[PDB]
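Beneath this line is the structure, given in structure tokens, with notes to follow.
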Amino acid sequence: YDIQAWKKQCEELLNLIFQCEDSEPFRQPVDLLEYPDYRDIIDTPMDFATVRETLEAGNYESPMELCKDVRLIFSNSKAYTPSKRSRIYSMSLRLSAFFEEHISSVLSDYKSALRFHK
Ligand SMILES: Cn1nnc2cc(CO)ccc21
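Letter by letter, the sequence shown follows residues 1316 to 1433 in the entry's author numbering.
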């Protein structure tokens, strides 16, 4: 029933994600010199460095808010890819499966802790 425990659990999951080779295209903002049409397709850019900095600044109130931004990384890859067989999109699907498998207990424990508090 620790209402604060999610934050260190999200720090440790981001460290696992940074060690995975599948995260490399997603660690920093998409390079607009490499992809000059990116902002004609994608309204809200997001990357794992941005998510870690927001967490470390004390600018997430809950793990649900962190989860919305990580899901935006994956939806941006699905919207920008020219093919469902592309290399980088293929990497996004494996990393999304890994993230969802690990975030589920973080979300459940936080929501349970908050119900006990209230
Ligand atoms: C950043 N991102 N996410 N998905 C992408 C797909 C491509 C091309 O297959 C290029 C860049 C991508």
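No residue lacks a Cβ here, since even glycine has one placed at the ideal position from N, Cα and C.
Am I right that residue i and residue j are in contact with their C-beta atoms under 8 Å? What's the rounded C-beta distance?
i	j	result
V1366	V1385	6 Å
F1389	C1335	No, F1389 and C1335 are not in contact; Cβ-Cβ is about 14 Å, not under 8 Å.
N1391	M1361	6 Å
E1326	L1370	7 Å
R1409	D1337	5 Å
Once you ignore the five residues that flank residue i on each side, which residues in its own chain have a CB closer than 6 Å to its CB?
i	result
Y1425	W1321, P1378
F1431	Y1316
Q1343	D1362, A1364
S1411	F1389
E1349	none
Cutting at 8 Å between CB atoms, please list the residues of its own chain near residue i, excluding the five before and the five after it.
i	result
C1382	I1418, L1422
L1347	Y1353, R1354
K1393	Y1404, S1407
Please work out which residues of its chain come closer than 7 Å, Cβ to Cβ, to residue i, disregarding the five sequence neighbours upstream and downstream, and give them in chain order.
i	result
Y1395	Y1353, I1356, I1357
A1428	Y1316, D1317, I1318
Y1375	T1369, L1381
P1340	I1403, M1406
Please determine whether the Cβ atom of residue i lies at a distance below 7 Å from any heavy atom of ligand 3.
i	result
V1345	Looking for ligand 3 in the displayed structure turns up nothing; the ligands present are ligand 1.
Check: Where are the alpha helix (DSSP H) runs, 4 residues long or more, that stay fully inside the region 1337-1423, in chain order?
Finding: 1353-1356, 1363-1371, 1378-1395
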